[PDB]
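Enquirer: One structure, as structure tokens, below. Some questions next.
Where a number appears in this text, it was derived from the coordinates with a stated rule and is not lab data. Heads up, the Cβs are rebuilt from the backbone with ideal geometry, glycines too, and the neighbour counts pull from every protein chain shown.
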Amino acid sequence: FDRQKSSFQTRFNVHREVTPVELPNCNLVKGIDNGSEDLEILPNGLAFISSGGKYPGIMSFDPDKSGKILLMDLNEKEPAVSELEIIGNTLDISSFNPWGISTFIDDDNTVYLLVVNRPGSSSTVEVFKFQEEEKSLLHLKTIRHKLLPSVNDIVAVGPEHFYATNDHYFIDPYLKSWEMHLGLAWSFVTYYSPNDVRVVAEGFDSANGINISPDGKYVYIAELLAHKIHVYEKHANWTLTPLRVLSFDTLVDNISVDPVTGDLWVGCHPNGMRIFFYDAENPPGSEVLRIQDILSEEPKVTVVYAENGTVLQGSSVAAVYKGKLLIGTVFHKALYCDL
Ligand SMILES: [Br-]
Ligand SMILES: [Ca+2]
Ligand SMILES: [Ca+2]
């Protein structure tokens with residue numbers, strides 16, 4: 001049993017404290033107070049934000065909060081958020097509980113938004129068409145599959161084609177909690193497409209963020225409780241082969257990819273106890289990593305922002321646009337910063 005307490009302390013990084021890395025002009029995004037756990041910025045500076053999601057056992061400040069997709073135009077001087085209206089008749093909006101998101105832009109420049117949805121106990125991926133002028137999301141399709149039991153994030157490679165992380169093997173939240181505490185490491189990654197759905201990697205200690213290189217040749221997978229980012233070669237038939245594993249002293253959550261450089265921008269939880277077992281007197285901090293030249297022998301890892309949560313609690317995602325840094329959290333606020 002002594003080895004079991006030791007594994008727990010490592011996985012949840014229970015002794016980690018946060019050396020500050022400050023940025024002089026950071027401003028909280030007004031209107032975001034109950035989570036902004038995933039976000040994605042289009043090439044034109046429009047940012048989608050998944051907000052208000054509720055997860056089994058995750059702290060929530062407003063238990064009756066409703067899940068929303070928000071829009072920010074980061075070309076504005078002081079960008080404000082607006083709530084995107086979901087239209088259509090193929091989705092039960094009352095149970096809409098968004099988590100990870102991804103975008104896909106077609107040849108005709110149609111923008112698709114894929115949204116992990118956790119209505120009740122089940123797990124789906126919702127496909128929307130973005131209507132920019134109307135600021136709305138037209139629902140198109142609900143995707144469910146036996147190989148998508150517990151979806152956490154996806155990276156879209158087509159309008160209804162994506163890689164998905166399942167952060168647990170089990171669907172029942174009690175068995176989920178048990179599997180996470182035991183550290184079974186049965187989390188796995190699924191490739192979904194209309195004609196072909198298959199597991200492409202497995203054996204993860206909670207796979208969370210997932211993303212892809214701008215040329216589509218590599219897939220990146222955050223293994224939250226192992227504190228690792230896995231680099232996979234992505235083949236023409238959509239299978240994955242392991243290539244590199246980077247290790248960290250922090251719980252890596254969601255991965256963003258800068259399209260110009262290919263850099264990874266990662267939202268991280270330095271101490272796992274503070275993000276999983278909330279204590280208002282001991283709140284989770286925030287930490288953002290930039291990772292450059294991830295294939296080379298010594299990848300350059302920089303802590304771009306870090307704090308103990310006196311401003312932003314529970315950073316889960318971070319992405320950059322034309323000199324600005326946007327940081328989201330699993331159940332708290334959002335921060336917009338000059339780099
Ligand atoms: Br922390
Ligand atoms: Ca995502
Ligand atoms: Ca997460």
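Enquirer: Contact list please: Cβ distance under 7 Å, first residue in region 186-209 and on the phi < 0 side of the Ramachandran plot, second residue polar (S, T, N, Q) and part of a loop (DSSP other than H, G, I, E, B), pairs at least six apart or on different chains.
Expert: Close Cβ pairs satisfying both conditions: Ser187/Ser206; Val200/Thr239.
Enquirer: Out of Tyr220, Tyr278, which single residue is within 16 Å of ligand 3 (Cβ to nearest atom), surrounded by 22 or more Cβ atoms within 10 Å (Cβ to Cβ) and in contact (Cβ under 8 Å) with a residue 60 or more places away in the chain?
Expert: On the way: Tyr278 fails: surrounded by 22 or more Cβ atoms within 10 Å (Cβ to Cβ).
Checking each option against the conditions leaves just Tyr220.
Enquirer: Going by what's in this entry, would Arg3 be described as of a type outside the set (A, V, I, L, M, F, W, C) and surrounded by fewer than 16 Cβ atoms within 10 Å (Cβ to Cβ)?
Expert: Judged against the criteria, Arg3 is a match.
Enquirer: Can you name the condition, by its number, that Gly216 falls short on among (1) under 20 Å from the mean Cα position of the chain (by Cα); (2) over 28 Å from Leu140 (Cα atoms); (3) in a loop (DSSP other than H, G, I, E, B)?
Expert: Condition (2) is where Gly216 drops out.
Let's see how each residue does on (1) more than 30 Å from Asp172 (Cα to Cα); (2) surrounded by fewer than 17 Cβ atoms within 10 Å (Cβ to Cβ):
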{"position": "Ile105", "(1), (2)": "yes, yes"}
{"position": "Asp108", "(1), (2)": "yes, yes"}
{"position": "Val111", "(1), (2)": "yes, no"}
{"position": "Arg118", "(1), (2)": "no, no"}
{"position": "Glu126", "(1), (2)": "no, no"}
{"position": "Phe130", "(1), (2)": "yes, no"}
{"position": "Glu134", "(1), (2)": "yes, yes"}
{"position": "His139", "(1), (2)": "no, no"}
{"position": "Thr142", "(1), (2)": "no, yes"}
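Enquirer: Across region 235-262, which residue is surrounded by the most Cβ atoms within 10 Å (Cβ to Cβ) among those that are free of Cβ contacts under 8 Å to residues at least 60 places away in the same chain and within 16 Å of ligand 2 (Cβ to nearest atom)?
Expert: Ranking the qualifying residues of region 235-262, first place goes to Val252.
Enquirer: In region 167-186, which residues are surrounded by 16 or more Cβ atoms within 10 Å (Cβ to Cβ) and either in contact with a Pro (Cβ under 6 Å, 6 or more places away or on another chain) or of a type in the set (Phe, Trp, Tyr) (or both)?
Expert: Step one: of region 167-186, the residues surrounded by 16 or more Cβ atoms within 10 Å (Cβ to Cβ) are 167-170, 176, 179-180, 183, 185-186.
Listed by number, the residues that qualify are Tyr169, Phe170, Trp186.
Enquirer: Among (1) more than 19 Å from the chain's Cα centre (by Cα); (2) more than 16 Å from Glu22 (Cβ to Cβ); (3) among the β-branched types (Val, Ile, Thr), where does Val311 come up short?
Expert: (2)
Enquirer: Could you give every pair whose Cβ atoms fall below 7 Å, whose first residue belongs to region 22-48 and is closer than 21 Å to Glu134 by Cβ, and whose second residue is of a type in the set (S, T, N, Q) and more than 16 Å from ligand 3 (Cβ to nearest atom), counting only separations of at least 6 or pairs across chains?
Expert: Close Cβ pairs (under 7 Å, with a partner that is of a type in the set (S, T, N, Q) and more than 16 Å from ligand 3 (Cβ to nearest atom)) amount to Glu40/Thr103; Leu42/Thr103; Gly45/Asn75; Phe48/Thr103.
Enquirer: Working only within region 106-131, note down all residues that are assigned to a strand (DSSP E or B) and acidic (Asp, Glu).
Expert: Scanning region 106-131 gives a single hit, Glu126.
Enquirer: Right, here's the next one. Mind checking which residues of region 138-157 are within 16 Å of ligand 2 (Cβ to nearest atom) and either under 22 Å from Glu83 (Cβ atoms) or part of a strand (DSSP E or B) (or both)?
Expert: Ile143, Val151, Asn152, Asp153, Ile154, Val155, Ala156, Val157 - these are the residues of region 138-157 that are within 16 Å of ligand 2 (Cβ to nearest atom) and either under 22 Å from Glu83 (Cβ atoms) or part of a strand (DSSP E or B) (or both).
Enquirer: Mind checking which residues of region 8-46 are within 21 Å of the chain's Cα centre (by Cα) and either in a strand (DSSP E or B) or of a type in the set (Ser, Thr, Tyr) (or both)?
Expert: Passing the criteria: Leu28, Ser36, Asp38, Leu39, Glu40, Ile41, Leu46.
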